């Protein structure tokens, strides 16, 4: 699972953001945006624009 948290933490911060997810997924921009916005809405409790491992599980 952690293996998957990390697949796309390219900058290494132990935090995934919108751009790191975009690539996870890579189709239209709006299509893309909707999915990323979904993820943040869905996971980003503290609303810093990142999802940590806690938010991931």
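Residue numbers count along the first chain shown, from 1.
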**Complete:** Missing residues of the deposited chain between residue 26 and residue 27 number 10 or more
**Message:** For the chain shown, is the CA B-factor of residue 48 in the lowest, middle or highest third of its modelled residues?
**Reply:** middle
**Complete:** Chain thirds by Cα B factor, record data; residue 6 belongs to the middle
**Item:** Within-chain third of residue 17 by Cα B-factor, per the entry
**Value:** middle
